[PDB]
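Coming up is one lone chain in structure tokens, specifically the form deposited without N-methyl-1H-indole-7-carboxamide (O2A).
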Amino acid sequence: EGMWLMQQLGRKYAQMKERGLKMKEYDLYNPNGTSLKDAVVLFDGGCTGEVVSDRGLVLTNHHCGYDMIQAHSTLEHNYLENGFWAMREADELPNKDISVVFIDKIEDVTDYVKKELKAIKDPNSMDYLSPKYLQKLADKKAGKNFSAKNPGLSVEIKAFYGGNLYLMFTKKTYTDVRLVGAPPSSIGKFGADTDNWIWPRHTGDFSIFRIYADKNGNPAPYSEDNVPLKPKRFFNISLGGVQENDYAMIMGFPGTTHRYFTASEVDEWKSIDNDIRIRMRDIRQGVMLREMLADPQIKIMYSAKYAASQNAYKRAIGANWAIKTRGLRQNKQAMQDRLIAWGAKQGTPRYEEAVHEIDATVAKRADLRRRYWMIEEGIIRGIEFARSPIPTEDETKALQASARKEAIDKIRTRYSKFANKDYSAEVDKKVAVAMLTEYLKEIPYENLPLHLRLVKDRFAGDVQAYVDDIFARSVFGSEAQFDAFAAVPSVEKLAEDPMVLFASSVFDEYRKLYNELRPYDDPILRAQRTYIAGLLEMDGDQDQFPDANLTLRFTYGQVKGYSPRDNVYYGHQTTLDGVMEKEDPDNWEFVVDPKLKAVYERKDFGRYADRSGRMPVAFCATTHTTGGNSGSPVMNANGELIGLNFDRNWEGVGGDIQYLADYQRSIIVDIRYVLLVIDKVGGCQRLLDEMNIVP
């Protein structure tokens, strides 16, 4: 059910032992010694990874290492397409701007932070949540020259439970992390967008890296003299596999949850955030799909844009399904009513006052938040010409020194980036006509961005004519129109340009709405500190975890499928047979790698197949995970690596607000499938040899 702090392992240990955990408490997490926690890393600031060899080999997802694989890919050596397999350590590819963070130490500094906070003077100060203020406290506690006296180490204090608990983390960061291996994208991203958030899943979502360090294992930036890190702890790989009901646990860095939302915040999330994103993206995607299906060149240009829009669209659909069917609003209402009743009995009215402040703040910001989401989904991300060039103050104070050419070259560069090889003005006009029609129906005249008032005042309500006029008269409407402007440029032409006025007006309104809404966050945050303090005083910090905040957490559960709907059951494990069932040679997402197809046909599964002779691919578990847990190690009851978390099903996206025992599942790539791909597809035997594989 939760994403527990490492400090909470002691309190949870007996429940974990009753669920199947076999390893000793301090072998998993030891606050003053080496433990399994020391083999977990925050991979590239947003993913999880794990050390799997005494030579610093690291496993993470394919979608986590995607940028590094793509940056090393060329037409001659397309690693993104065919995979990459370094046959020697010297062949492993260095990566610019990469990092791996180890959580060396974790310490509770709540009393220290609360004592420092007592010197505030302003009772409504937000320093208790300020990264700048908390970093000043972290530096004071660790010492002035801490990073100089302890090379590779840094300190950081984070707030938890809305500012009721503070932890200081001592982090060891390595920046020389080299690409070692990756399967082809046909394995690493098999389902591609069709199978995103989907269980059953047949994706071998993994990639392999290696941490490099100086001669003493200390962090060092990229250098040809760097040597593989000999870590103090690494995961043993299990080949025993998984069975239904087996204990499974994960360690990783979940990003964000909203477990302490009020019922009014659940209503706001559904009726504003989700409904607007769903409505606007459905319109945008609908026009885009029509144009992509009618022109093969439009499909090539808009495929990535369509896919990027669909990602949070599907998340919003899954979240709204949970709000509608799993009683999320009702459960938050019952939670706050229980605290209010308990507060009335104890004679402390501040908990009811805190819930009231949140409700009043949510109700007060409703129209502004609706206007913000409408402009953001409808125009800022919905219409491409909203991000068309806007002349700067320096560029206008150049067109009217001979830096007129410099001002024109800078504007030309931004025009070329806007109207790039993937931009279609005809597709954009069609999308804008549909998006603006919906926007103008939802936003009244007095709340419109100034330029949009011209739809009613100048074009008699004709959205098509307003959009046609923007492109017909704008210097950014076509290449020939920009070149005519660049030959005879004047600031009068730019100041009255219809596209410049549209872009400026919609961005002005977007910023103004952001500025008016920003002050509403603080009273909610301050009231949440009181609300969560009451919940912890009432029911204790035993069965209620702190919201995820990109810090190291553990979660446990079982390998278990679920019933998505009446008479339908999805089991706990998928097989290579399921990959072959989905193969479509003419559908780019479902092409199957010929080497993988041959391994399946010959049943060349070696020691990786299950007891039945079937080759496992992925499994699902009742662990509680979210974004940030991609690449997390999945452990056995013995702490051995059995898989890597890579996704969660759409039915469980509502799990960020309320964990859903009967629907929410972590989607995990089976470690047996990872080794089958390294061995039979990559032929990289040296990686298998350096891992400690247990029978």
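Think of the rigid core as the biggest set of C-alphas that the two forms share within 1.5 Å after superposition. Note that residue numbering begins at 1 and tracks the sequence as displayed.
Remark: when the other structures in 9 other deposited structures of this protein are fitted onto this one via the rigid core, 275-283 deviates more than the alternative among 606-614 and 275-283, judged by RMS CA distance. In 9 other deposited structures of this protein, superposed by the rigid core, the C-alpha atoms of 262-270 lie farther from the shown form than the other of 262-270 and 203-211. In the deposited sequence, the stretch from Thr74 to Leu75 has no residues without coordinates, so the chain runs on without a break. Here the stretch with the larger average CA B-factor, out of 565-573 and 343-351, is 343-351. Stretches compared: 129-137, 247-255. Higher mean C-alpha B-factor in the entry: 129-137. Of the candidates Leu368, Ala322, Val579, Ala119, the deposited coordinates give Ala119 the top C-alpha B factor. Taking the deposited Cα B-factors for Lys158, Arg611, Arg277, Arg201, the highest one is held by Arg611. When the CA B factors of the chain's modelled residues are split into thirds, the value for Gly534 lands in the middle one.
Among the modelled residues of the chain, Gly10 sits in the lowest third by CA temperature factor in this PDB entry. The deposited CA B-factor of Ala472 belongs to the highest third of values across its chain. Compared with the other modelled residues of the chain, the Cα B-factor recorded for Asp273 ranks in the lowest third. Split the chain's modelled residues into thirds by C-alpha temperature factor. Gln542 is in the highest one.
Quick note: we don't show the form solved in complex with N-methyl-1H-indole-7-carboxamide (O2A), though the next part is all about it.
Contact with N-methyl-1H-indole-7-carboxamide (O2A), judged by heavy atoms within 4.5 Å in the deposited complex, is confined among 311-319, 262-270, 390-398, 225-233 to 311-319. Contact annotation: of the candidates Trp197, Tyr556, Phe102, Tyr439, the single residue with a non-hydrogen atom within 4.5 angstroms of N-methyl-1H-indole-7-carboxamide (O2A) in the deposited complex is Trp197.
The closest non-hydrogen atom of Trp650 lies within 4.5 Å of N-methyl-1H-indole-7-carboxamide (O2A) in the deposited complex. Within 4.5 angstroms of N-methyl-1H-indole-7-carboxamide (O2A) in the deposited complex, the stretch 86-124 places no non-hydrogen atom at all.
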